[PDB]
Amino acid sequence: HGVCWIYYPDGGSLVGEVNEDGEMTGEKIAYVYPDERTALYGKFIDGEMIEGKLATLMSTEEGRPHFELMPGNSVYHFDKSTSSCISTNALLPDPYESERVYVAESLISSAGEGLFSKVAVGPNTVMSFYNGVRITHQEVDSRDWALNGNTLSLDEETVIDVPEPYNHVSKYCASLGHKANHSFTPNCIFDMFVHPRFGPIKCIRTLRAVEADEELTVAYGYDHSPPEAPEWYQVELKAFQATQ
């Protein structure tokens, strides 16, 4: 007769009436994003999203969330990447990320495209998701840097990558975290995130408040004393060190 909320460390949650065994299983379960507003509502089995329809959390009454479904028939499914498949729906954007960031030419010289804030946000705000194919450290470290522009370590066993041609938004836009440029003085960090479509991945989270249209940057965190890093970063590293 009551409702349970189960929060991940990143601030997302699953919410609904649990079954007889205390599992998040039913037709009225929701994943709620860290804004505590954007939600994916519908059929889940033991916390796995089978069919989540885009919704807005409008209020809570006695702990029970009340949603309004968005128009458009945007539905989402648990769809963890593999070593060879980045997504079943590469062009279907994440609806939380789409309100928060956009891609445009970087303000940094020769740095290509960058990721920018759509609206002003506070500190500790999840802005973007870093999904990609899941490959080994051995594959990555034994190939040339020119193939490793977008690799991000997830844990000791797994590196997430967005390989060509999925580095172009015309071919892949389900997530956008691989579009954040590097800065030794960043406004964002990488953090763990448990995503209802992508599974266990990393996200980009603000360090401090950020203005609308401010470029989001992260410290790429390459080992400076193995620098095991691409050339543009090695150059930049020296410049940085000098300004210190």
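One-based numbering along the sequence shown.
The PDB entry records a higher mean C-alpha B factor for 104 to 112 than for its counterpart among 131 to 139 and 104 to 112. Stretches 229 to 237 and 21 to 29 differ in mean CA B factor, with 229 to 237 having the higher one.
Across the residues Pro71, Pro95, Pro163, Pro123, the deposited record lists the maximum Cα B factor for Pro71. In this PDB entry, the Cα temperature factor of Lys118 sits in the top third of its chain's modelled residues, the highest group. Among the modelled residues of the chain, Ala209 sits in the highest third by CA temperature factor in this PDB entry. Remark: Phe67 belongs to the lowest third of its chain, ranked by C-alpha B-factor as recorded. The entry lists a Cα temperature factor for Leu147 that places it in the highest third of the chain's modelled residues. Sort the chain's modelled residues by C-alpha temperature factor and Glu215 lands in the highest third, per the entry.
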